[PDB]
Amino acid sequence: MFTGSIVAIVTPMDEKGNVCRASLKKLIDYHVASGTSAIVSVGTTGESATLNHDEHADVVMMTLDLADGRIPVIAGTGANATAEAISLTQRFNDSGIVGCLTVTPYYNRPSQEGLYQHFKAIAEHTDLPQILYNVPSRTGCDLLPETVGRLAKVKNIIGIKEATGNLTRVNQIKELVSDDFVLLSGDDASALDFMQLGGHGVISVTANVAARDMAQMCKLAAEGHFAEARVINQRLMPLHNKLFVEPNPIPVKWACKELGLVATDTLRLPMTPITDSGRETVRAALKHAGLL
């Protein structure tokens, strides 16, 4: 259930910056039809930083409601204060979400022991499966394999979204955890490599606009058909890269709009609209992918 192509879904907005349900419905219908394994709601790509606690909870519950049992929903529950993370987590207990994605605290740079006590306290206040999430380029801290191994012994700590793009982390973690600990890439451009080394899937921004390809690529990787997966990956590589040509989710929201998947590409400050150059680049990447 926590394997294959998982979309880190955008939070579509109207021109005032409020959540646009009609657009989110369209995306969720698109992912059900495309074979996406699951939806991560209000991750980084979903602009977690700029939704307040109640808007955040509302978007997750909206996503769950619209999913209507057709596709599993994983809630973004990360926070850089352990009390905030527990409170967010408790908000979704017994909601119908199948698990949580909880990022290492950002900006206050805790120690490895700080991360251990942080994630352990979170896990002790829920029954939901917990997927750790490491992305040092955003957070200023690096959850190391040693610490992941300590945390994997905690009951409902069940996997990790590893977004460093450092592919040596795959088997560094795998040798410290049990066979059913889930290893998920959080870096689209290196995700097929990550799977070929033993990863079980990807929590993906590219899947927002290339869901069918991403789902088939990940299934082929799972079946060991890496040559066939790489043909898809190469079609998608310009998107993997150029969806970060400006701060995510600025490009992917523009791309969703360009494809008719959402009504507007509006974001909340401090995100700002895509530049002329960025549109040109993302459009070429979408054309390279065969989507335009």
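All residue numbers are counted from 1 along the displayed sequence.
Averaged over their C-alpha atoms, the temperature factors of 119 to 127 and 187 to 195 are higher for 119 to 127. Mean CA B-factor, 276 to 284 versus 6 to 14: the higher value falls on 276 to 284. Set against one another, the Cα B-factors of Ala38, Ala263, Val42, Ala227 in the record reach their highest point at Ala263. Per the PDB record, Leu66 has a higher Cα B-factor than any other of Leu66, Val252, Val245, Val231. Among all modelled residues in its chain, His200 ranks in the middle third by Cα B-factor.
Per-chain ranking of the deposited C-alpha B factor places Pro72 in the middle third. Ranked by Cα temperature factor within the chain, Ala152 sits in the highest third according to the deposited record. In the PDB entry, a CA B factor belonging to the lowest third of its chain's modelled residues is recorded for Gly140. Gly96: CA B factor in the highest third of modelled residues in this chain (values from the PDB entry).
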